[PDB]
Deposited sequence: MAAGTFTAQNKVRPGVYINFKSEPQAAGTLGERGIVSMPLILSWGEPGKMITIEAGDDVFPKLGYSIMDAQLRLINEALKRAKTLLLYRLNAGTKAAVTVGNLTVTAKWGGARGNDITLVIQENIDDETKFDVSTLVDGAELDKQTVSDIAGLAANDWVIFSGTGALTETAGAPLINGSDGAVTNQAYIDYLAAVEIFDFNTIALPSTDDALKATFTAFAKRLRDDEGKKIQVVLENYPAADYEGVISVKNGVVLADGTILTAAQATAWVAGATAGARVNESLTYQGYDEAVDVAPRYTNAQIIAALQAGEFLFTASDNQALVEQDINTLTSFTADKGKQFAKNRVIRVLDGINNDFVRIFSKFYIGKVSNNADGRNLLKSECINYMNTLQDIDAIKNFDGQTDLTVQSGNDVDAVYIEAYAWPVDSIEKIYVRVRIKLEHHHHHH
């Protein structure tokens, strides 16, 4: 006979991704570099996570899980020539000038040479060869030339430099990052022109592309947009380091990206900070908050986030004060990004099709309520789905925990 049986085959987004454009002294230029928190950055960036040169990378990764780094400058490669041999830095930048070539006749076999590459006096590579041909590039330099080698007690590479970056380099960055999935961008620059461009960039992705992200700038409350956070002051670290507001954007961006949809940065302390710079009076803080500024306040030897807010200050009936709270933005961006992902991946405009979509959204909203991201959500009335012949409309009410006013959510799906 024939026996047949059937069985089902079963099958909230994650944030944590920050991106930052930087001017460096080493590293591959104009190409997005991905660094996971805890990763050894010496190989890729030529510096230690603790070298002052990588301070911003260190700060961004205090709260973020992944950093999308973009080096804006190619700089000039340092180099040196000894006889027939030319040694050139792998990447352009002033870091190349910390490299020194050492060529000494091998002790065991006088017909060979020991070619060592030193960085800050430390030997990081040593190759024993007969001639230049036998040499192989390493993680620091490229060997060029032909013929026999010549000894040298020390031949430091020179002419290396970072050079000057063009504002156009930031345009290349934005284009490259736009293709990646990320949550927040930090602009550790005081350039007013760049701030305006990043502000426009945020508005386009968020409201024209449906790609919800945020940009963190330094002293630019003029943005007056929920997609932009403006850091007013900096902090003082336990090691004595004073970070400017521009430098502080790194941590703020990382913290914002790392923050969960149910978490607010309000009164959280800037990791490692023991004071703020500058300090403000009660009146100045109030004025700053009213102006839409993200600022730190000193308390009990810590730098606390006064209020986790973005630059939006021109509130309207359709976009109230709740939109100024970054946690509100995280929950709403989560709804947006997740929905777009769920519908585009797992999803006809008919009774059953609409019912199934409605069920999946209700389950999603219930999950947000379970993690205390929203409250007072009643799946029995807070979400509906109505039917253009192939257009589906979804209406729902979401109540963010940090808001005493419900938010209307309208979803338009086309097939």
Please list, in sequence order, every stretch of the deposited sequence that lacks C-alpha coordinates.
1-14, 26-29, 366-369, 410-411, 440-446
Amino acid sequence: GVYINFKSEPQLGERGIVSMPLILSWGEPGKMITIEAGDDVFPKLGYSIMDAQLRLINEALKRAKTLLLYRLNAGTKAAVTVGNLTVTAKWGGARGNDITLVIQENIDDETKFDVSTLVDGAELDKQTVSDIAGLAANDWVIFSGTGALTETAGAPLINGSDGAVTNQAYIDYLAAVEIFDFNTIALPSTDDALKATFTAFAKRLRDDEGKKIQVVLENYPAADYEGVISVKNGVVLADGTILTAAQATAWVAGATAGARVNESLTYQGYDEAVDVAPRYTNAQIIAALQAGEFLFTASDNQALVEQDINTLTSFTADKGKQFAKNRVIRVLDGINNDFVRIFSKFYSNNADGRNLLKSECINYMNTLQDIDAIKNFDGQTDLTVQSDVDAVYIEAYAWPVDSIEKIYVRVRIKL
From here on, numbers count along this sequence of modelled residues.
Name the higher of the two by mean Cα B-factor in the PDB entry, 127-135 versus 202-210.
127-135
Higher of the two mean Cα B-factors (102-110, 177-185; per PDB record) comes from 102-110
Comparing C-alpha B-factors across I286, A250, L312, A164 in this entry, the winner is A164
Going by the CA temperature factor in the entry, name the top one among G83, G334, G258, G320.
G83
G234: which third of its chain by C-alpha temperature factor?
lowest
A153: CA temperature factor from the record, placed by chain third, in the highest
Lowest, middle or highest third of the chain for the C-alpha temperature factor of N363?
highest
Comparing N159 with the other modelled residues of its chain, is its CA B-factor in the lowest, middle or highest third?
highest
Please place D382 in the lowest, middle or highest third of its chain by C-alpha B factor as given in the entry.
highest
